[PDB]
Amino acid sequence: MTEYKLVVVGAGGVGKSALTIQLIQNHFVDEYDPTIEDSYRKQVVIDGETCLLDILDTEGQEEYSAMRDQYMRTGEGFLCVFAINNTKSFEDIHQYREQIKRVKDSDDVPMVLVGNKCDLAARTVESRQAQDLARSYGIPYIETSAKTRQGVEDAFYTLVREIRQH
Ligand SMILES: Nc1nc2c(ncn2[C@@H]2O[C@H](COP(=O)(O)OP(=O)(O)O)[C@@H](O)[C@H]2O)c(=O)[nH]1
Ligand SMILES: [Ca+2]
Ligand SMILES: [Ca+2]
Ligand SMILES: [Mg+2]
């Protein structure tokens, strides 16, 4: 079956690990902290075709690591995650998209913009803001909650669709 290397990026605390854990383990655990910055494998059926998702859950690295750039470079599609209650994390999306563009040597990498923690009423980033940005980038925008499961599988499956139709 086709394997898809998916990479999850974004500021610390936005829910990258929780999104991955929801997809892989089908639960949400407050404040859980993975211990490996590892990859996760899941066999899924998307639009009738079985495939293997290989998910890289990134941690924040503030300096230069050629190894970390090479792990990113193996990725075929990227989730750019911010949290809808965290204005700073939305402002950070630009630097993550620039990083992917640099390491992939391409401006048009399969990508989905993800606004996580949509269960929280205390929104500071309006959906229209992210919709505008996603449309400027030419990529889908999906709102998720790793806590309630809303949008989680759709974010990953939409990313695969973006790879398939790239
Ligand atoms: N309410 C809510 N909390 C979340 C959600 N996703 C993650 N969290 C919590 O936000 C904190 C940071 O999440 P984490 O997965 O470690 O973010 P990461 O640093 O991007 O990997 C943790 O306490 C999570 O339990 C969500 O969708 N809704
Ligand atoms: Ca944490
Ligand atoms: Ca596009
Ligand atoms: Mg994490």
# chains A, B, ... in the order shown; residues from 1 in each chain; ligands from 1
>>> residues_near_ligand(ligand="ligand 2", cutoff="7 Å", atoms="only C-alpha atoms and all ligand atoms", output="ChimeraX atom specification")
/A:13,31-33
>>> select_by_dssp(residues="range 82-166 of chain A", states="strand (DSSP E or B)", output="PyMOL selection string")
chain A and resi 82-83+111-116+141-143
>>> residues_near_ligand(ligand="ligand 1", cutoff="7 Å", atoms="only C-alpha atoms and all ligand atoms", output="ChimeraX atom specification")
/A:10-19,29-33,59,116-120,144-148
>>> closest_residue(among="A:68, A:149, A:5, A:104", to="residue 26 in chain A", atoms="only C-alpha atoms")
A:149
>>> select_by_dssp(residues="range 2-155 of chain A", states="alpha helix (DSSP H)", output="mmCIF file with N, CA, C and O atoms, in the first residue's frame")
data_model
loop_
_atom_site.group_PDB
_atom_site.id
_atom_site.type_symbol
_atom_site.label_atom_id
_atom_site.label_comp_id
_atom_site.auth_asym_id
_atom_site.auth_seq_id
_atom_site.Cartn_x
_atom_site.Cartn_y
_atom_site.Cartn_z
ATOM 1 N N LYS A 16 -0.292 19.748 18.847
ATOM 2 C CA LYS A 16 0.224 18.827 17.837
ATOM 3 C C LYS A 16 0.208 17.395 18.347
ATOM 4 O O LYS A 16 -0.263 16.479 17.658
ATOM 5 N N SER A 17 0.712 17.181 19.565
ATOM 6 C CA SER A 17 0.772 15.822 20.098
ATOM 7 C C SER A 17 -0.627 15.273 20.381
ATOM 8 O O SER A 17 -0.908 14.100 20.093
ATOM 9 N N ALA A 18 -1.530 16.111 20.895
ATOM 10 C CA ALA A 18 -2.877 15.635 21.201
ATOM 11 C C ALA A 18 -3.614 15.243 19.927
ATOM 12 O O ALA A 18 -4.339 14.239 19.905
ATOM 13 N N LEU A 19 -3.441 16.018 18.856
ATOM 14 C CA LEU A 19 -4.079 15.654 17.597
ATOM 15 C C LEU A 19 -3.605 14.286 17.140
ATOM 16 O O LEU A 19 -4.414 13.423 16.787
ATOM 17 N N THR A 20 -2.285 14.079 17.153
ATOM 18 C CA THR A 20 -1.713 12.798 16.757
ATOM 19 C C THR A 20 -2.212 11.669 17.654
ATOM 20 O O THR A 20 -2.602 10.598 17.176
ATOM 21 N N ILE A 21 -2.212 11.896 18.963
ATOM 22 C CA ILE A 21 -2.648 10.856 19.889
ATOM 23 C C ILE A 21 -4.131 10.542 19.693
ATOM 24 O O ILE A 21 -4.556 9.383 19.797
ATOM 25 N N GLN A 22 -4.947 11.560 19.398
ATOM 26 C CA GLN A 22 -6.354 11.283 19.121
ATOM 27 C C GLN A 22 -6.490 10.383 17.901
ATOM 28 O O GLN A 22 -7.203 9.380 17.942
ATOM 29 N N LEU A 23 -5.771 10.703 16.819
ATOM 30 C CA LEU A 23 -5.839 9.885 15.607
ATOM 31 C C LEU A 23 -5.357 8.459 15.859
ATOM 32 O O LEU A 23 -5.976 7.498 15.383
ATOM 33 N N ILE A 24 -4.263 8.301 16.605
ATOM 34 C CA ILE A 24 -3.627 6.988 16.739
ATOM 35 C C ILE A 24 -4.276 6.153 17.839
ATOM 36 O O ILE A 24 -4.508 4.952 17.653
ATOM 37 N N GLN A 25 -4.573 6.766 18.990
ATOM 38 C CA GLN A 25 -5.012 6.047 20.184
ATOM 39 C C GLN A 25 -6.467 6.293 20.545
ATOM 40 O O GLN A 25 -6.988 5.614 21.442
ATOM 41 N N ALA A 66 20.645 20.009 11.080
ATOM 42 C CA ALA A 66 20.555 19.398 9.756
ATOM 43 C C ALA A 66 19.754 18.105 9.794
ATOM 44 O O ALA A 66 19.078 17.756 8.814
ATOM 45 N N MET A 67 19.818 17.386 10.916
ATOM 46 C CA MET A 67 19.035 16.165 11.072
ATOM 47 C C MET A 67 17.549 16.469 11.118
ATOM 48 O O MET A 67 16.743 15.762 10.501
ATOM 49 N N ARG A 68 17.166 17.503 11.871
ATOM 50 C CA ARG A 68 15.757 17.861 11.958
ATOM 51 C C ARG A 68 15.240 18.368 10.624
ATOM 52 O O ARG A 68 14.091 18.098 10.259
ATOM 53 N N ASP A 69 16.070 19.104 9.882
ATOM 54 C CA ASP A 69 15.684 19.520 8.541
ATOM 55 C C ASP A 69 15.483 18.314 7.630
ATOM 56 O O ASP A 69 14.590 18.322 6.775
ATOM 57 N N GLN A 70 16.284 17.260 7.811
ATOM 58 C CA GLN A 70 16.158 16.100 6.936
ATOM 59 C C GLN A 70 14.920 15.281 7.273
ATOM 60 O O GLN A 70 14.270 14.742 6.372
ATOM 61 N N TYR A 71 14.578 15.174 8.557
ATOM 62 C CA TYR A 71 13.313 14.547 8.923
ATOM 63 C C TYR A 71 12.140 15.304 8.312
ATOM 64 O O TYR A 71 11.224 14.697 7.749
ATOM 65 N N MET A 72 12.151 16.638 8.423
ATOM 66 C CA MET A 72 11.111 17.435 7.777
ATOM 67 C C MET A 72 11.108 17.210 6.272
ATOM 68 O O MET A 72 10.044 17.124 5.643
ATOM 69 N N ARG A 73 12.294 17.102 5.681
ATOM 70 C CA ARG A 73 12.399 16.966 4.236
ATOM 71 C C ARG A 73 11.774 15.661 3.748
ATOM 72 O O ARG A 73 11.258 15.608 2.629
ATOM 73 N N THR A 87 -3.329 33.813 20.021
ATOM 74 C CA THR A 87 -2.975 34.698 18.915
ATOM 75 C C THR A 87 -1.518 34.521 18.489
ATOM 76 O O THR A 87 -1.210 34.509 17.292
ATOM 77 N N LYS A 88 -0.604 34.391 19.455
ATOM 78 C CA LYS A 88 0.803 34.208 19.115
ATOM 79 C C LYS A 88 0.999 33.015 18.184
ATOM 80 O O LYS A 88 1.751 33.101 17.205
ATOM 81 N N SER A 89 0.309 31.901 18.453
ATOM 82 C CA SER A 89 0.532 30.708 17.632
ATOM 83 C C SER A 89 0.041 30.901 16.195
ATOM 84 O O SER A 89 0.599 30.310 15.257
ATOM 85 N N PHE A 90 -1.004 31.709 15.995
ATOM 86 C CA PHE A 90 -1.425 32.014 14.631
ATOM 87 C C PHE A 90 -0.385 32.872 13.928
ATOM 88 O O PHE A 90 -0.079 32.656 12.751
ATOM 89 N N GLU A 91 0.167 33.850 14.637
ATOM 90 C CA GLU A 91 1.191 34.697 14.042
ATOM 91 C C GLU A 91 2.420 33.886 13.647
ATOM 92 O O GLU A 91 3.119 34.248 12.696
ATOM 93 N N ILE A 93 2.460 31.001 12.182
ATOM 94 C CA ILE A 93 2.275 30.072 11.072
ATOM 95 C C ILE A 93 3.185 30.435 9.907
ATOM 96 O O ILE A 93 3.728 29.556 9.231
ATOM 97 N N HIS A 94 3.391 31.737 9.682
ATOM 98 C CA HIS A 94 4.241 32.182 8.585
ATOM 99 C C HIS A 94 5.624 31.543 8.666
ATOM 100 O O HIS A 94 6.146 31.041 7.663
ATOM 101 N N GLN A 95 6.231 31.546 9.859
ATOM 102 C CA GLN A 95 7.598 31.037 9.957
ATOM 103 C C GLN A 95 7.643 29.527 9.760
ATOM 104 O O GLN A 95 8.626 29.013 9.214
ATOM 105 N N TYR A 96 6.572 28.807 10.127
ATOM 106 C CA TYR A 96 6.529 27.374 9.841
ATOM 107 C C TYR A 96 6.349 27.104 8.353
ATOM 108 O O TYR A 96 6.979 26.194 7.801
ATOM 109 N N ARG A 97 5.509 27.881 7.670
ATOM 110 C CA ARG A 97 5.369 27.666 6.233
ATOM 111 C C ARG A 97 6.658 28.008 5.487
ATOM 112 O O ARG A 97 7.020 27.327 4.523
ATOM 113 N N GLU A 98 7.369 29.059 5.919
ATOM 114 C CA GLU A 98 8.662 29.380 5.322
ATOM 115 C C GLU A 98 9.671 28.262 5.552
ATOM 116 O O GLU A 98 10.475 27.945 4.663
ATOM 117 N N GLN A 99 9.652 27.659 6.740
ATOM 118 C CA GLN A 99 10.569 26.558 7.021
ATOM 119 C C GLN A 99 10.295 25.357 6.114
ATOM 120 O O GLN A 99 11.229 24.764 5.557
ATOM 121 N N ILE A 100 9.020 24.995 5.931
ATOM 122 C CA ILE A 100 8.700 23.881 5.039
ATOM 123 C C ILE A 100 9.129 24.195 3.607
ATOM 124 O O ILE A 100 9.682 23.338 2.902
ATOM 125 N N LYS A 101 8.870 25.423 3.152
ATOM 126 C CA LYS A 101 9.255 25.809 1.799
ATOM 127 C C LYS A 101 10.755 25.687 1.609
ATOM 128 O O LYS A 101 11.224 25.173 0.588
ATOM 129 N N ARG A 102 11.523 26.147 2.593
ATOM 130 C CA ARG A 102 12.973 26.045 2.512
ATOM 131 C C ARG A 102 13.413 24.589 2.399
ATOM 132 O O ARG A 102 14.142 24.219 1.471
ATOM 133 N N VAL A 103 12.950 23.736 3.315
ATOM 134 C CA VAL A 103 13.492 22.382 3.357
ATOM 135 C C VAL A 103 12.991 21.541 2.191
ATOM 136 O O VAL A 103 13.681 20.613 1.760
ATOM 137 N N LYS A 104 11.793 21.828 1.663
ATOM 138 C CA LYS A 104 11.233 21.061 0.553
ATOM 139 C C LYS A 104 11.648 21.581 -0.819
ATOM 140 O O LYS A 104 11.323 20.942 -1.827
ATOM 141 N N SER A 127 -12.110 32.575 12.735
ATOM 142 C CA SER A 127 -12.009 31.671 11.597
ATOM 143 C C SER A 127 -11.733 32.410 10.295
ATOM 144 O O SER A 127 -10.972 31.919 9.457
ATOM 145 N N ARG A 128 -12.356 33.584 10.099
ATOM 146 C CA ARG A 128 -12.166 34.321 8.849
ATOM 147 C C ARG A 128 -10.697 34.687 8.639
ATOM 148 O O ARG A 128 -10.193 34.668 7.506
ATOM 149 N N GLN A 129 -9.989 34.990 9.728
ATOM 150 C CA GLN A 129 -8.566 35.291 9.632
ATOM 151 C C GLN A 129 -7.815 34.116 9.036
ATOM 152 O O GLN A 129 -6.999 34.277 8.123
ATOM 153 N N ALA A 130 -8.072 32.920 9.559
ATOM 154 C CA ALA A 130 -7.359 31.748 9.075
ATOM 155 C C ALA A 130 -7.826 31.364 7.678
ATOM 156 O O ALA A 130 -7.025 30.914 6.851
ATOM 157 N N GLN A 131 -9.125 31.532 7.399
ATOM 158 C CA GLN A 131 -9.626 31.244 6.063
ATOM 159 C C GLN A 131 -8.930 32.115 5.032
ATOM 160 O O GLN A 131 -8.525 31.631 3.969
ATOM 161 N N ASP A 132 -8.773 33.404 5.343
ATOM 162 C CA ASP A 132 -8.083 34.323 4.446
ATOM 163 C C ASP A 132 -6.659 33.862 4.193
ATOM 164 O O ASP A 132 -6.193 33.843 3.046
ATOM 165 N N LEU A 133 -5.950 33.492 5.263
ATOM 166 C CA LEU A 133 -4.564 33.053 5.137
ATOM 167 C C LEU A 133 -4.475 31.772 4.326
ATOM 168 O O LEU A 133 -3.658 31.670 3.402
ATOM 169 N N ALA A 134 -5.324 30.781 4.652
ATOM 170 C CA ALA A 134 -5.316 29.520 3.917
ATOM 171 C C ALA A 134 -5.587 29.749 2.437
ATOM 172 O O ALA A 134 -4.911 29.168 1.576
ATOM 173 N N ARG A 135 -6.553 30.615 2.117
ATOM 174 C CA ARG A 135 -6.851 30.871 0.712
ATOM 175 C C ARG A 135 -5.676 31.551 0.017
ATOM 176 O O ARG A 135 -5.382 31.249 -1.143
ATOM 177 N N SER A 136 -4.978 32.459 0.717
ATOM 178 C CA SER A 136 -3.777 33.068 0.150
ATOM 179 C C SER A 136 -2.695 32.029 -0.120
ATOM 180 O O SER A 136 -1.945 32.150 -1.098
ATOM 181 N N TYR A 137 -2.593 31.009 0.733
ATOM 182 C CA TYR A 137 -1.632 29.927 0.532
ATOM 183 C C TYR A 137 -2.135 28.879 -0.448
ATOM 184 O O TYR A 137 -1.338 28.051 -0.899
ATOM 185 N N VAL A 152 -10.556 16.037 13.737
ATOM 186 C CA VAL A 152 -9.200 15.480 13.828
ATOM 187 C C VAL A 152 -8.906 14.563 12.645
ATOM 188 O O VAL A 152 -7.918 14.745 11.925
ATOM 189 N N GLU A 153 -9.733 13.533 12.455
ATOM 190 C CA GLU A 153 -9.508 12.632 11.333
ATOM 191 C C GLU A 153 -9.593 13.393 10.016
ATOM 192 O O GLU A 153 -8.802 13.148 9.094
ATOM 193 N N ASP A 154 -10.499 14.374 9.935
ATOM 194 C CA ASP A 154 -10.639 15.125 8.694
ATOM 195 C C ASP A 154 -9.374 15.894 8.352
ATOM 196 O O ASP A 154 -9.028 16.014 7.175
ATOM 197 N N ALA A 155 -8.688 16.452 9.350
ATOM 198 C CA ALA A 155 -7.446 17.175 9.063
ATOM 199 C C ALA A 155 -6.405 16.256 8.432
ATOM 200 O O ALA A 155 -5.768 16.610 7.426
#
>>> closest_residue(among="A:80, A:36, A:45, A:58", to="ligand 4", atoms="only C-alpha atoms and all ligand atoms")
A:58
